[PDB]
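Fold and geometry: a report
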Amino acid sequence: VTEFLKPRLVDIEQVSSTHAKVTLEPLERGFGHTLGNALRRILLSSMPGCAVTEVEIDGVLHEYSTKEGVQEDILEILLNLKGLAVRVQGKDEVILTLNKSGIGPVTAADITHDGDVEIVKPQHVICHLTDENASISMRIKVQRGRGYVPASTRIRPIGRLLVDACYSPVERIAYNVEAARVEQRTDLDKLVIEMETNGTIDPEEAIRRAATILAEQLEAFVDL
Amino acid sequence: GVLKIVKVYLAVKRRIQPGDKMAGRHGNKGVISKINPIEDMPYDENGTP
């Protein structure tokens with residue numbers, strides 16, 4: 001009585017490439033739901049992600065035109081690009097370059113990747129070149145952000161196209177509380193966080209990030 | 001009376017605001033009223049809000 005068991009991370013099971021499960025144990029009664037809900041809100045709310053912001057195609061002036069050789073318009077290219085998954089190690093703002101010529105799909109794998117930038121899904125499609133001598137060269141801009149940022153509300157030449165940012169690795173978070181079996185005790189819980197990210201964020205890192213943000217923002221109540 | 005006319009075409013992307021009027025197919029019109037962050041919406045036990 002008047003003393004509480006402290007939680008811990010028991011195992012980070014990686015069920016698939018982008019689907020993960022985290023187990024927290026033990027938890028006193030009445031904390032299962034509290035921590036589950038707090039962590040769900042934090043994780044869905046603010047995780048630092050990376051996303052494409054500006055595109056600069058060679059022979060296009062604005063996104064509403066079309067280019068000869070490609071199948072889709074420029075709008076669909078921007079849309080497909082908006083969902084690109086990529087991680088950057090050190091730099092907070094990087095520039096990738098894509099060059100392609102010849103018939104076929106243009107996967108993300110054709111990006112001239114640098115040493116640090118890493119593409120997570122090298123089979124993601126971008127466009128279909130339908131001519132033996134139709135080429136596309138573009139310069140993608142990737143930034144680091146913390147949520148949603150529409151093109152309108154941010155803050156030069158006529159060659160830049162602006163896409164909307166969606167910096168958020170997590171996509172769906174669920175959780176379950178279930179009784180566990182410590183050496184001997186009743187009403188001792190165990191929390192299971194099921195996570196479905198887009199592949200750009202390591203689970204344990206994400207959960208530690210949520211814990212630290214919550215705690216260091218809760219610090220404003222002690223010694224008020 | 002006119003010497004020359006110049007026409008310019010603007011393209012705009014009206015996105016969505018609290019105030020638009022979206023409706024179903026069975027005459028259940030309604031004025032959208034707020035844009036809640038995803039973490040506040042009801043979610044079933046599977047996790048899909």
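Per the PDB record, this model was obtained through cryo-EM at a reported resolution of 3.48 Å.

Quoted verbatim from the Function (unreviewed entry) field of UniProt, the annotation for chain A is "DNA-dependent RNA polymerase catalyzes the transcription of DNA into RNA using the four ribonucleoside triphosphates as substrates." What UniProt states about chain A under its Catalytic activity (unreviewed entry) heading is, verbatim, "RNA(n) + a ribonucleoside 5'-triphosphate = RNA(n+1) + diphosphate".

Thoughts on the interface of chain B and chain A
Residue-level contacts link twelve residues of chain B with eleven residues of chain A. Of the roughly 1000 Å² buried between chain B and chain A on both sides combined, carbon and sulfur atoms contribute 49%. A salt bridge links B:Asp40 to A:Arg41; the shortest N-O distance between them is 2.8 Å. Along the contact surface separating chain B from chain A lie three residue pairs in polar contact. A per-class count over the side of chain B that touches chain A returns four nonpolar, three polar and five charged.

Here's the deal with the environment of A:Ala165
Residues and elements named next belong to chain A. As for its placement among the helices and strands, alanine 165 is situated in strand β12 (residues 165-166). Classification of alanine 165 by relative accessible area gives buried; the value is 0%. Those residues in contact with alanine 165, other than ones at most four positions away along the chain, are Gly147, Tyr148 and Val149.

Some words on the side chain of A:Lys67
Residues and elements named next belong to chain A. Within the fold, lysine 67 resides in the loop between β3 (49-57) and α2 (74-82). Buried charged residue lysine 67 carries no salt bridge. Nearest counter-charge: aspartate 58, at 4.1 Å. Setting aside chain neighbours within four positions, we find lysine 67 in contact with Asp58, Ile74, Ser135 and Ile136.

What about α2(A)?
All names here are of chain A. Within the sequence span of α2, burial applies to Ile74, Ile77, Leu78 and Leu81. When α2 is viewed along its axis, its buried side chains cluster within an angular range of 95° and face the same direction. Buried-residue contacts for α2 involve β3, β8 (125-129), β9 (135-145) and β11 (161-162).

As for the pattern of salt bridges
Opposite charge on two side chains makes pairing possible when the charged atoms of those side chains draw close. Residue and element names in this part refer to chain A. One pass over the structure, following the stated rule, counts eleven salt bridges over all chains. Close ionic contact of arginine 139 with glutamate 56 constitutes a salt bridge, the shortest N to O distance being 4.0 Å. A residue pair is termed long-range when its members are at least 10 positions apart, and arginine 139 in strand β9 and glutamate 56 in strand β3 qualify at 83 residues. Taking relative accessible area as the criterion, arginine 139 reaches 35% and is therefore assigned partly exposed. Through salt bridges that share partners, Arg172, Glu194 and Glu196 make up one connected network.

Looking at the sheet that holds β9(A)
Residues and elements named next belong to chain A. Strand order across the open sheet formed by four strands is β5-β9-β3-β11, with antiparallel pairing between neighbours. Strands at the two margins of the open sheet, each flanked by one partner only, are β5 (93-101) and β11. Strand direction decides the pairing type here: β3 and β11, joined by two bridges, are antiparallel. In the sheet register, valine 55 faces β11, and the bridge partner there is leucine 161.

About the thresholds
- Residues numbered from 1 in each chain as written, not as in the entry; some residues may be left out.
- Chains lettered and ligands numbered in written order.
- Part of a larger assembly, values for the part shown.
- Heavy atoms only, no water.
- Residues with missing side-chain atoms left out of burial classes, pairs and counts.
- UniProt positions renumbered as here; feature names shortened; annotations may be inferred.
- Contact = heavy atoms within 4.5 Å.
- Buried area = accessible area lost by both parts, 1.4 Å probe.
- Salt bridge = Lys/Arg side-chain N within 4 Å of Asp/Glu carboxyl O.
- Polar contact = N/O pair within 3.5 Å; in protein donor to acceptor, adjacent residues only side chain to side chain.
- Nonpolar A, V, L, I, M, F, W, Y, C, P; charged D, E, K, R; others polar.
- Helix = DSSP H or I, 4+ residues; strand = E, 2+ residues; numbered from the N terminus.
- Buried < 20%, exposed > 50% of the residue type's maximum accessible area, 1.4 Å probe, protein only.
- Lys, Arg positive; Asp, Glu negative; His and termini not counted.
- Arc of directions from axis to C-beta.
- Pairing = 2+ DSSP bridges.

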